[PDB]
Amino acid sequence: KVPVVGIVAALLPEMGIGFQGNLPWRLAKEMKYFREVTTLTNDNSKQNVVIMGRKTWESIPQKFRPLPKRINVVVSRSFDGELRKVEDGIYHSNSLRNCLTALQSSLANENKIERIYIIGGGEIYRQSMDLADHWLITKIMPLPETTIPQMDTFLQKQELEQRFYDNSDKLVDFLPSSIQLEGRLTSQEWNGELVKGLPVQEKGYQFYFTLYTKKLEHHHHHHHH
């Protein structure tokens, strides 16, 4: 009932997302997008959830966690069950799947969550291809003089483009209404792939905010009683 949206920054063409437990770039504008999208709501009485794997949690600077103004959920197989408050702003879960089911309960949530963002990292995203309704992907490209950074963790692009299509024509409409983006929508070829979305440049990179949406599905079965 509430949308589940994976949100990720990935370097084309392999969709690398990390190296040695850290982000491979430090891009203040990309970080401001991530901050605004995950914080902002259309309805002022609601908040978003951000769900993350334990290793991703551990990498957020201690000063800056839990991420303000959002319900933070950290998942670890060493935690107690499926959604437990552990501190102000912090829930622990031992299951990505059961966590999402628990968050969807209208009785538990009082319909006061807008969206559930899955914010990383590699192992969490792998498991989220069949759970997310959408992906907000920032597609990052080194500008011609820029050294490609080393990376060790990747988005599963095959399974992405299996299940989802590039819906970036609708990105503006999908973002919380109050966000303001600097680009206009823009389709560019880059190493043999079509890159469509909202352009920024910062430091040695160009990046596009893009939206992926689930492909239409055939009606094979609906469960009857």
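The first residue of the sequence shown is number 1, and the count goes up from there.
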Subject >> Higher-scoring stretch by recorded Cα B factor average, 144 to 152 or 119 to 127 >> reply: 144 to 152
Original post:
As stated in the PDB record, which stretch has the larger average Cα B-factor, 193 to 201 or 179 to 187?
Top reply: 179 to 187
**OP:** Using the entry's values, work out which of 72, 138, 104, 95 has the largest Cα B factor.
**Re:** 104
Original post:
Which of these, 54, 63, 163, 35, has its C-alpha atom at the highest B-factor, as the entry lists it?
Top reply: 63
**OP:** Looking at the entry's B-factor column for C-alpha atoms only, identify whether residue 43 ranks in the lowest, middle or highest third of its chain.
**Re:** highest
Original post:
What third of the chain, by the recorded C-alpha B-factor, contains residue 173?
Top reply: highest
